[PDB]
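For reference, the chains in residue letters:
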Amino acid sequence: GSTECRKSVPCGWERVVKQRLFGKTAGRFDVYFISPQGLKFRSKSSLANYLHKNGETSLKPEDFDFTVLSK
DNA sequence: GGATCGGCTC
DNA sequence: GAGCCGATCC
């Protein structure tokens, strides 16, 4: 069509997007990625620790895709 | 570590 | 007013 689904969702990783209920920002959107093992993460540092924890450092904090318009 | 809500900057 | 990150509770 007019919009495709290019690269934006790395394989082996899960993405979740849910809008917050109500608050001082009622209407905002929250998104986060859950490691393959089911580990939830929302911080670049925590990610750098998780990756290093398994010994794998190939992945980078810049690999995470939080955008909604792809890249 | 996990889940939910609010504070700060532009 | 809008957008992004941090603080609080368990």
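The preceding data block contains the structure.
Calculation rules
- Residues numbered from 1 in each chain as written, not as in the entry; some residues may be left out.
- Chains lettered and ligands numbered in written order.
- Heavy atoms only, no water.
- Residues with missing side-chain atoms left out of burial classes, pairs and counts.
- Near = heavy atom within 4 Å.
- Polar contact = N/O pair within 3.5 Å; in protein donor to acceptor, adjacent residues only side chain to side chain.
- Nonpolar A, V, L, I, M, F, W, Y, C, P; charged D, E, K, R; others polar.
- Buried < 20%, exposed > 50% of the residue type's maximum accessible area, 1.4 Å probe, protein only.
- Helix = DSSP H or I, 4+ residues; strand = E, 2+ residues; numbered from the N terminus.
- Arc of directions from axis to C-beta.
- Contact = heavy atoms within 4.5 Å.
- Salt bridge = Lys/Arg side-chain N within 4 Å of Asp/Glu carboxyl O.
- Patch = residues over 30% accessible without salt bridge, like charges linked within 9 Å, V, L, I, M, F, W, Y side chains within 5 Å.
- Areas by Shrake-Rupley, 256 points an atom, 1.4 Å probe, with all protein chains shown as cover.

K.L.:
Outline the protein's contact with DNA strand B, supporting the account with residue identities and numerical values.
P.N.:
Around DNA strand B, a shell composed of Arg20, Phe22, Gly23, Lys24, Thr25, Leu39 and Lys40 is seen. Close to the protein, within 4 Å, the atoms of DNA strand B are drawn from sugar and phosphate at a rate of 46%. In the environment of DNA strand B, a base oxygen lies 2.9 Å from a nitrogen or oxygen atom belonging to the side chain of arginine 20. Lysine 24 places a side-chain nitrogen or oxygen 3.4 Å from a base nitrogen of DNA strand B. Of the residues in the surface near DNA strand B, the class split is two nonpolar, two polar and three charged.

K.L.:
Describe helix α1 (residues 44-54), listing the residues and the values that go with them.
P.N.:
What α1 keeps buried is the set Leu47, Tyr50 and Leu51. The buried side chains of α1 occupy one side of the element, clustering within an arc of 95° when seen end-on. Turned more than 90 degrees off the buried face of α1, the exposed positions are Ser45, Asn49, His52 and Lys53. Lining the buried residues of α1 we find β2 (29-34) and β3 (40-41). Residue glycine 55 follows α1 closely and has a positive phi angle near 95°.

K.L.:
Would you mind going over the pattern of salt bridges in detail, with residue names and values included?
P.N.:
Taken as a whole and assessed by the stated rule, the structure comprises one salt bridge. Here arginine 20 makes a salt bridge to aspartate 30, at a shortest N to O gap of 2.9 Å. Within this pair, whereas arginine 20 is found in the loop between β1 (14-19) and β2, its partner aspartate 30 is found in strand β2, the two being separated by ten residues in sequence.

K.L.:
Could you give me a rundown of the environment of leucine 47, with the residues and numbers involved?
P.N.:
Tracing the backbone shows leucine 47 in helix α1. We classify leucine 47 as buried; its relative accessible area is 5%. Sequence-wise, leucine 47 and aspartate 65 are 18 residues apart; in three dimensions their C-alpha atoms are separated by 13 Å. Residues in contact with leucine 47, not counting those within four places in the same chain, are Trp13, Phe33, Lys60 and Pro61.

K.L.:
Talk me through a nonpolar patch on the surface; I want residue IDs and the actual numbers.
P.N.:
Side chains of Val17, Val31, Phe64 and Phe66 sit close together on the surface and give an oily, nonpolar patch of about 340 Å² of accessible area. Turning to its location among the elements, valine 17 is positioned in strand β1. Accessibility expressed as a relative area gives 47% for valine 17, which makes it partly exposed.

Just geometry here; none of it tells us what the structure is for.
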